[PDB]
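J.: Quick one: the structure is below, and I'll ask about it shortly.
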Amino acid sequence: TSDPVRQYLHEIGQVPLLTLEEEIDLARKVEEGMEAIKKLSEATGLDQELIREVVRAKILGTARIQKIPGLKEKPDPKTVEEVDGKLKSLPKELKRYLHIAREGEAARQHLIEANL
Amino acid sequence: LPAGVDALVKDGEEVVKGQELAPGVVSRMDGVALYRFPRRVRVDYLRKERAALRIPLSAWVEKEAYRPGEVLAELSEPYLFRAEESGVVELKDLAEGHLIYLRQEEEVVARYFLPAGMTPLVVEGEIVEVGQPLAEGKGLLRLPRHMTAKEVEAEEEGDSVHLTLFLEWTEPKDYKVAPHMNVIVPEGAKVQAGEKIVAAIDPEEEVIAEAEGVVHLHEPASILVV
């Protein structure tokens with residue numbers, strides 16, 4: 001009769017476990033992403049968690065993350081989009097750390113799901 | 001993919017339904033195949049040398065650049081190749097071919113090239129003399145199959161002709177990757193000398209390019225075609 005527990009059980013059953021290789025690769029990709037954010041903080045002169053969340057806004061869904069934090073958290077066109085445009089002004093060595101960052105961000109999700 | 005097995009298709013290449021991506025792996029969907037955790041990483045290193053060989057002109061085939069496997073000269077009778085200089089020797093066997101380094105004290109005197117079929121008459125550490133026999137061609141004697149040749153230099157004062165060559169080739173090398181390690185440069189990537197091919201946890205276990213060359217990836221733990 002539509003058990004809520006079997007739902008979650010088979011939902012986590014879809015994503016397989018992770019051996020040593022995959023695990024180490026994941027963690028390394030994550031720390032790489034975070035340190036990438038650390039350099040990108042010196043890039044445009046921004047904070048860690050700022051750009052870190054700005055990455056999420058472009059990954060785990062676009063409008064939905066800024067739409068329902070609750071009535072007031074942070075403005076989408078104002079304190080978000082300008083961060084996207086401000087970091088778009090940068091050359092190769094800089095602009096690549098962005099992709100490294102988001103990559104690590106995805107790796108974090110994969111890590112959490114694998115060990116669920 | 002089973003451990004100890006390579007891939008038939010190189011990384012980032014189109015594949016078809018039914019096409020074998022491995023002896024045990026057959027793709028069910030047309031797409032782009034991608035390597036997952038290569039267990040082994042090979043490399044090809046470039047080797048440059050400027051090397052001399054003296055052969056009778058009544059033998060030698062006229063060529064500007066000999067290539068791998070390309071037939072070199074003729075040599076009717078088993079002409080002995082006699083050293084034009086004196087020195088110690090360094091016998092370096094390159095595949096089917098050979099190399100002789102005539103050396104005095106620190107720096108070498110001269111460096112001579114032995115094509116496949118010209119057999120070394122000396123042994124590394126032995127001494128030679130001016131005009132002393134170095135190698136012997138049996139006739140035939142074609143340039144080896146892993147090595148190329150550029151920049152012909154032809155000097156002939158008589159029946160015998162001295163030939164200087166700019167000889168470049170590819171020497172293979174193999175690195176066995178670990179789970180600690182993470183491959184950086186892509187497939188067939190042209191790499192510099194001293195660059196880090198494959199990183200790792202502690203740099204002691206890392207992979208540093210021994211010379212200038214190209215990198216290859218093999219034995220993927222799995223192959224994901226999308």
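If you're wondering about the labels, chains in the structure tokens are A, B, ... by order shown, residues count from 1 in each chain, ligands from 1 in order shown.
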Which residues are close to residue 101 of chain B, i.e. within 8 Å by only C-alpha atoms, leaving aside same-chain residues fewer than 4 positions away? Reply as a count of residues only.
T.: 9
J.: Give one line per residue of chain B that approaches chain A to at most 10 Å, naming the two atoms of the closest pair and their distance in Å to one decimal, counting only C-alpha atoms; sort by chain then ascending residue number and deliver it as JSON lines.
T.:
{"residue": "B:36", "atom": "CA", "partner": "A:22", "partner_atom": "CA", "distance": 9.8}
{"residue": "B:37", "atom": "CA", "partner": "A:21", "partner_atom": "CA", "distance": 7.8}
{"residue": "B:178", "atom": "CA", "partner": "A:21", "partner_atom": "CA", "distance": 8.6}
{"residue": "B:179", "atom": "CA", "partner": "A:21", "partner_atom": "CA", "distance": 5.0}
{"residue": "B:180", "atom": "CA", "partner": "A:24", "partner_atom": "CA", "distance": 7.4}
{"residue": "B:181", "atom": "CA", "partner": "A:25", "partner_atom": "CA", "distance": 8.9}
{"residue": "B:182", "atom": "CA", "partner": "A:25", "partner_atom": "CA", "distance": 7.4}
{"residue": "B:200", "atom": "CA", "partner": "A:28", "partner_atom": "CA", "distance": 9.7}
{"residue": "B:201", "atom": "CA", "partner": "A:28", "partner_atom": "CA", "distance": 9.0}
{"residue": "B:221", "atom": "CA", "partner": "A:21", "partner_atom": "CA", "distance": 9.9}
J.: Go ahead and write the selection's residues with N, CA and C atoms as an mmCIF file, in the first residue's frame.
T.:
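Done, and the output landed in out-v7.cif:
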data_model
loop_
_atom_site.group_PDB
_atom_site.id
_atom_site.type_symbol
_atom_site.label_atom_id
_atom_site.label_comp_id
_atom_site.auth_asym_id
_atom_site.auth_seq_id
_atom_site.Cartn_x
_atom_site.Cartn_y
_atom_site.Cartn_z
ATOM 1 N N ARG B 36 37.482 4.562 -18.042
ATOM 2 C CA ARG B 36 37.221 4.731 -16.621
ATOM 3 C C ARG B 36 38.285 3.997 -15.812
ATOM 4 N N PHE B 37 39.089 4.778 -15.089
ATOM 5 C CA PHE B 37 40.181 4.274 -14.254
ATOM 6 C C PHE B 37 41.142 3.322 -14.968
ATOM 7 N N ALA B 178 48.166 3.245 -9.788
ATOM 8 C CA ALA B 178 47.587 2.716 -8.563
ATOM 9 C C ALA B 178 46.258 3.425 -8.294
ATOM 10 N N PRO B 179 45.513 2.993 -7.260
ATOM 11 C CA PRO B 179 44.319 3.763 -6.893
ATOM 12 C C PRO B 179 44.683 5.118 -6.297
ATOM 13 N N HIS B 180 45.895 5.221 -5.760
ATOM 14 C CA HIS B 180 46.407 6.481 -5.245
ATOM 15 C C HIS B 180 46.512 7.471 -6.394
ATOM 16 N N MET B 181 46.929 6.961 -7.548
ATOM 17 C CA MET B 181 47.203 7.792 -8.713
ATOM 18 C C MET B 181 45.951 8.275 -9.442
ATOM 19 N N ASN B 182 46.066 9.446 -10.062
ATOM 20 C CA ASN B 182 45.013 9.989 -10.914
ATOM 21 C C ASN B 182 45.588 10.560 -12.210
ATOM 22 N N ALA B 200 49.200 11.734 -7.730
ATOM 23 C CA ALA B 200 48.910 10.734 -6.705
ATOM 24 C C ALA B 200 48.755 11.410 -5.348
ATOM 25 N N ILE B 201 48.527 10.614 -4.306
ATOM 26 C CA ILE B 201 48.451 11.142 -2.945
ATOM 27 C C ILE B 201 49.745 11.858 -2.540
ATOM 28 N N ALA B 221 39.682 0.294 -16.200
ATOM 29 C CA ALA B 221 38.917 -0.531 -15.270
ATOM 30 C C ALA B 221 37.526 -0.781 -15.834
#
J.: Quick one: distance from atom CA of residue 10 of chain B to atom CA of residue 144 of chain B in Å, one decimal?
T.: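 Pair atom CA of residue 10 of chain B / atom CA of residue 144 of chain B returns 26.7 Å.
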J.: Which residues, written as JSON, numbers by chain, have at least one atom at most 10 Å from residue 84 of chain A, with only C-alpha atoms counted and residues fewer than 4 positions away on the same chain left out?
T.: {"A": [51, 54, 55, 58, 79, 80, 88, 89]}
J.: Those residues with C-alpha atoms, as a PDB file, in the first residue's frame please?
T.:
ATOM      1  CA  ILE A  51      30.950  31.548  -4.942  1.00  0.00           C
ATOM      2  CA  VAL A  54      26.690  30.404  -6.661  1.00  0.00           C
ATOM      3  CA  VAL A  55      28.039  27.165  -8.143  1.00  0.00           C
ATOM      4  CA  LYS A  58      23.962  26.531 -11.596  1.00  0.00           C
ATOM      5  CA  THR A  79      23.246  39.294  -5.550  1.00  0.00           C
ATOM      6  CA  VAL A  80      23.480  36.181  -7.735  1.00  0.00           C
ATOM      7  CA  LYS A  88      33.046  35.806 -16.572  1.00  0.00           C
ATOM      8  CA  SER A  89      35.696  38.496 -17.099  1.00  0.00           C
TER       9      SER A  89
END
J.: Name all residues at most 12 Å from residue 93 of chain A (count only C-alpha atoms; drop same-chain ones fewer than 6 positions away) and give them as a list in words.
T.: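 With the cut-off at 12 Å, the set is residues 36, 39, 40, 43, 99 and 100 of chain A.
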J.: For the atom pair atom CA of residue 3 of chain A and atom CA of residue 115 of chain A, what is the interatomic distance in Å to one decimal place?
T.: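 One can read the atom CA of residue 3 of chain A to atom CA of residue 115 of chain A distance as 22.6 Å.
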J.: How many Å lie between atom CA of residue 43 of chain B and atom CA of residue 209 of chain B, rounded to one decimal?
T.: 8.7 Å
J.: So which residues touch residue 127 of chain B within 9 Å, counting only C-alpha atoms, skipping near sequence neighbours fewer than 4 positions away, as a VMD selection string?
T.: chain B and resid 86 to 89 102 122 to 123
J.: If we count only C-alpha atoms, what is near residue 16 of chain B at a cut-off of 9 Å, once residues fewer than 3 positions away on the same chain are taken out, given as a list in words?
T.: residues 19, 20, 27, 28, 29, 30, 31 and 32 of chain B
J.: Which polymer residues have any atom within 8 Å of an atom of residue 114 of chain B, counting only C-alpha atoms, with same-chain residues fewer than 4 positions away left out, as a tab-separated table (two decimals) with C-alpha atoms, in the first residue's frame?
T.:
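So result_31.tsv came out as:
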chain	number	residue	atom	x	y	z
B	53	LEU	CA	77.66	5.50	-41.19
B	97	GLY	CA	69.61	-2.01	-34.77
B	98	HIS	CA	72.72	-0.85	-32.92
B	99	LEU	CA	74.63	2.28	-31.87
B	100	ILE	CA	78.33	2.76	-31.17
B	118	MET	CA	75.02	-4.69	-39.76
B	119	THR	CA	76.29	-6.65	-36.78
B	120	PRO	CA	78.54	-5.18	-34.05
B	135	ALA	CA	80.80	-3.67	-37.49
J.: If you run DSSP on the backbone, which residues of chain A are helix (DSSP H, G or I), as a compact mmCIF listing (two decimals) with N, CA and C atoms, in the first residue's frame?
T.:
# COMPACT_ATOMS: atom_id res chain seq x y z
N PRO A 4 6.34 4.15 2.42
CA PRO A 4 7.33 5.22 2.33
C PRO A 4 8.77 4.73 2.53
N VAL A 5 8.94 3.62 3.23
CA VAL A 5 10.29 3.11 3.50
C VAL A 5 10.89 2.35 2.31
N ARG A 6 10.06 1.58 1.61
CA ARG A 6 10.52 0.81 0.45
C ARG A 6 10.87 1.75 -0.68
N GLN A 7 10.19 2.89 -0.70
CA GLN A 7 10.46 3.94 -1.67
C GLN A 7 11.91 4.38 -1.55
N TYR A 8 12.30 4.79 -0.35
CA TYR A 8 13.66 5.26 -0.09
C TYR A 8 14.68 4.13 -0.25
N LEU A 9 14.31 2.94 0.21
CA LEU A 9 15.18 1.77 0.11
C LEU A 9 15.55 1.44 -1.33
N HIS A 10 14.55 1.40 -2.21
CA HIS A 10 14.81 1.13 -3.62
C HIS A 10 15.39 2.35 -4.33
N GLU A 11 15.17 3.54 -3.76
CA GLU A 11 15.75 4.76 -4.33
C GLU A 11 17.26 4.81 -4.13
N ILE A 12 17.72 4.37 -2.96
CA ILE A 12 19.15 4.30 -2.70
C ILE A 12 19.75 3.05 -3.33
N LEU A 20 37.55 1.51 -3.41
CA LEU A 20 38.63 2.42 -3.03
C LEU A 20 38.89 3.49 -4.09
N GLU A 21 39.08 3.05 -5.33
CA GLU A 21 39.34 3.94 -6.46
C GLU A 21 38.34 5.09 -6.55
N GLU A 22 37.08 4.75 -6.77
CA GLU A 22 36.01 5.73 -6.93
C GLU A 22 35.92 6.69 -5.75
N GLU A 23 36.10 6.15 -4.54
CA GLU A 23 36.05 6.95 -3.32
C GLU A 23 37.15 8.00 -3.28
N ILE A 24 38.39 7.54 -3.44
CA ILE A 24 39.55 8.44 -3.43
C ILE A 24 39.42 9.50 -4.52
N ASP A 25 39.04 9.07 -5.72
CA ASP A 25 38.81 9.98 -6.83
C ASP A 25 37.79 11.06 -6.48
N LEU A 26 36.67 10.63 -5.90
CA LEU A 26 35.62 11.54 -5.46
C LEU A 26 36.16 12.59 -4.49
N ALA A 27 36.68 12.13 -3.35
CA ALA A 27 37.21 13.03 -2.33
C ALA A 27 38.24 14.02 -2.89
N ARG A 28 39.15 13.51 -3.72
CA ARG A 28 40.18 14.33 -4.33
C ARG A 28 39.57 15.40 -5.23
N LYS A 29 38.58 15.00 -6.03
CA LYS A 29 37.88 15.94 -6.91
C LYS A 29 37.17 17.01 -6.09
N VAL A 30 36.72 16.63 -4.90
CA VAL A 30 35.99 17.54 -4.03
C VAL A 30 36.95 18.58 -3.49
N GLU A 31 37.96 18.14 -2.74
CA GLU A 31 38.98 19.05 -2.21
C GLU A 31 39.59 19.94 -3.30
N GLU A 32 39.80 19.37 -4.48
CA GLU A 32 40.27 20.14 -5.63
C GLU A 32 39.29 21.26 -5.96
N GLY A 33 38.00 20.92 -5.98
CA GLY A 33 36.97 21.92 -6.23
C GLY A 33 36.96 23.03 -5.19
N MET A 34 37.07 22.65 -3.93
CA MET A 34 37.01 23.61 -2.83
C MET A 34 38.21 24.56 -2.83
N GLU A 35 39.40 24.02 -3.04
CA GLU A 35 40.60 24.84 -3.12
C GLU A 35 40.55 25.73 -4.37
N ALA A 36 39.93 25.20 -5.42
CA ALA A 36 39.67 25.98 -6.62
C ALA A 36 38.82 27.20 -6.26
N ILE A 37 37.81 26.98 -5.43
CA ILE A 37 36.98 28.07 -4.93
C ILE A 37 37.83 29.03 -4.10
N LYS A 38 38.80 28.49 -3.37
CA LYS A 38 39.69 29.32 -2.56
C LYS A 38 40.51 30.28 -3.42
N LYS A 39 41.01 29.80 -4.55
CA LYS A 39 41.72 30.69 -5.48
C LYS A 39 40.77 31.65 -6.19
N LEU A 40 39.58 31.16 -6.54
CA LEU A 40 38.58 31.98 -7.20
C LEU A 40 38.06 33.09 -6.28
N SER A 41 38.29 32.92 -4.98
CA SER A 41 37.95 33.94 -4.01
C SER A 41 38.92 35.10 -4.12
N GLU A 42 40.17 34.78 -4.43
CA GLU A 42 41.20 35.80 -4.63
C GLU A 42 41.07 36.39 -6.02
N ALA A 43 40.44 35.64 -6.92
CA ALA A 43 40.23 36.10 -8.29
C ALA A 43 39.44 37.41 -8.36
N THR A 44 38.16 37.35 -8.00
CA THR A 44 37.29 38.52 -8.05
C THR A 44 37.17 39.23 -6.71
N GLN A 48 34.42 32.58 0.18
CA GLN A 48 34.34 31.15 -0.10
C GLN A 48 32.93 30.67 -0.40
N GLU A 49 32.10 30.69 0.63
CA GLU A 49 30.73 30.16 0.59
C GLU A 49 29.87 30.89 -0.44
N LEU A 50 30.19 32.15 -0.70
CA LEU A 50 29.49 32.93 -1.71
C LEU A 50 29.54 32.24 -3.07
N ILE A 51 30.74 32.19 -3.65
CA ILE A 51 30.95 31.55 -4.94
C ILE A 51 30.57 30.07 -4.87
N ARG A 52 30.82 29.46 -3.72
CA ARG A 52 30.49 28.05 -3.51
C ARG A 52 29.00 27.77 -3.72
N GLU A 53 28.15 28.64 -3.19
CA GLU A 53 26.71 28.51 -3.36
C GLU A 53 26.27 28.95 -4.76
N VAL A 54 26.95 29.95 -5.30
CA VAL A 54 26.69 30.40 -6.66
C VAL A 54 26.87 29.25 -7.64
N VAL A 55 27.84 28.38 -7.36
CA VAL A 55 28.04 27.17 -8.14
C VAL A 55 26.81 26.26 -8.07
N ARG A 56 26.32 26.04 -6.85
CA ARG A 56 25.13 25.22 -6.63
C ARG A 56 23.95 25.75 -7.43
N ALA A 57 23.78 27.06 -7.44
CA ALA A 57 22.70 27.70 -8.19
C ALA A 57 22.67 27.28 -9.66
N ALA A 63 16.47 28.03 -11.14
CA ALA A 63 15.52 28.95 -10.55
C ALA A 63 15.05 28.44 -9.19
N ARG A 64 15.02 27.12 -9.03
CA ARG A 64 14.41 26.50 -7.86
C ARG A 64 15.14 26.73 -6.53
N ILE A 65 16.45 26.96 -6.59
CA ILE A 65 17.24 27.13 -5.38
C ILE A 65 17.05 28.53 -4.79
N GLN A 66 16.92 29.52 -5.66
CA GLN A 66 16.74 30.89 -5.22
C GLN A 66 15.26 31.26 -5.09
N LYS A 67 14.38 30.38 -5.57
CA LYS A 67 12.95 30.67 -5.56
C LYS A 67 12.28 30.41 -4.22
N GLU A 81 23.20 36.87 -10.05
CA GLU A 81 23.58 37.02 -11.46
C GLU A 81 24.84 37.86 -11.65
N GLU A 82 24.99 38.91 -10.83
CA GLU A 82 26.16 39.78 -10.92
C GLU A 82 27.43 39.01 -10.57
N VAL A 83 27.29 37.96 -9.77
CA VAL A 83 28.41 37.11 -9.41
C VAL A 83 28.79 36.23 -10.60
N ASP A 84 27.78 35.85 -11.38
CA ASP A 84 28.02 35.09 -12.61
C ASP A 84 28.74 35.95 -13.64
N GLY A 85 28.28 37.19 -13.80
CA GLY A 85 28.87 38.09 -14.77
C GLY A 85 30.26 38.57 -14.38
N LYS A 86 30.47 38.76 -13.08
CA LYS A 86 31.73 39.29 -12.56
C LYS A 86 32.88 38.30 -12.71
N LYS A 92 42.02 32.14 -19.07
CA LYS A 92 42.12 30.68 -19.01
C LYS A 92 42.36 30.11 -17.60
N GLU A 93 43.54 30.40 -17.06
CA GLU A 93 43.97 29.88 -15.77
C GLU A 93 42.93 30.10 -14.68
N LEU A 94 42.27 31.25 -14.75
CA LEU A 94 41.21 31.60 -13.81
C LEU A 94 39.92 30.85 -14.12
N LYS A 95 39.38 31.09 -15.32
CA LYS A 95 38.10 30.52 -15.73
C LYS A 95 38.00 29.00 -15.61
N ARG A 96 39.14 28.30 -15.65
CA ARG A 96 39.11 26.84 -15.55
C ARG A 96 38.83 26.33 -14.12
N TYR A 97 39.29 27.09 -13.13
CA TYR A 97 39.06 26.76 -11.73
C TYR A 97 37.57 26.72 -11.40
N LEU A 98 36.78 27.41 -12.22
CA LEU A 98 35.32 27.38 -12.11
C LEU A 98 34.79 25.98 -12.40
N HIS A 99 35.22 25.42 -13.53
CA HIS A 99 34.81 24.08 -13.93
C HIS A 99 35.32 23.05 -12.94
N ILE A 100 36.55 23.25 -12.47
CA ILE A 100 37.10 22.39 -11.41
C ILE A 100 36.18 22.42 -10.19
N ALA A 101 35.81 23.63 -9.78
CA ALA A 101 34.91 23.85 -8.65
C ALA A 101 33.60 23.08 -8.78
N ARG A 102 32.83 23.39 -9.82
CA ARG A 102 31.55 22.72 -10.04
C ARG A 102 31.69 21.20 -10.13
N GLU A 103 32.79 20.75 -10.72
CA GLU A 103 33.08 19.32 -10.81
C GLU A 103 33.17 18.71 -9.42
N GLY A 104 33.95 19.35 -8.55
CA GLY A 104 34.05 18.92 -7.17
C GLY A 104 32.71 18.94 -6.46
N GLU A 105 31.91 19.96 -6.77
CA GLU A 105 30.57 20.09 -6.20
C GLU A 105 29.69 18.89 -6.54
N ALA A 106 29.75 18.44 -7.79
CA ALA A 106 29.01 17.25 -8.20
C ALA A 106 29.57 16.01 -7.49
N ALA A 107 30.89 15.96 -7.38
CA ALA A 107 31.57 14.85 -6.71
C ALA A 107 31.10 14.69 -5.27
N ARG A 108 30.83 15.81 -4.60
CA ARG A 108 30.30 15.79 -3.24
C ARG A 108 28.96 15.07 -3.17
N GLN A 109 28.06 15.42 -4.09
CA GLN A 109 26.75 14.80 -4.17
C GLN A 109 26.87 13.30 -4.41
N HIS A 110 27.67 12.93 -5.41
CA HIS A 110 27.92 11.52 -5.70
C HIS A 110 28.44 10.77 -4.48
N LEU A 111 29.32 11.43 -3.72
CA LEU A 111 29.89 10.85 -2.51
C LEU A 111 28.80 10.59 -1.47
N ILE A 112 27.97 11.59 -1.21
CA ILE A 112 26.90 11.45 -0.23
C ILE A 112 25.92 10.34 -0.62
N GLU A 113 25.54 10.31 -1.90
CA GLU A 113 24.60 9.31 -2.39
C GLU A 113 25.17 7.90 -2.32
N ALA A 114 26.46 7.76 -2.62
CA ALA A 114 27.11 6.45 -2.62
C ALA A 114 27.14 5.83 -1.22
J.: Identify, with DSSP run on backbone atoms, the residues in segment 35-179 of chain B assigned to strand (DSSP E), and express the list as a PyMOL selection string.
T.: chain B and resi 35-56+80-82+91-94+97-103+108-114+118-120+133-137+147-156+160-176
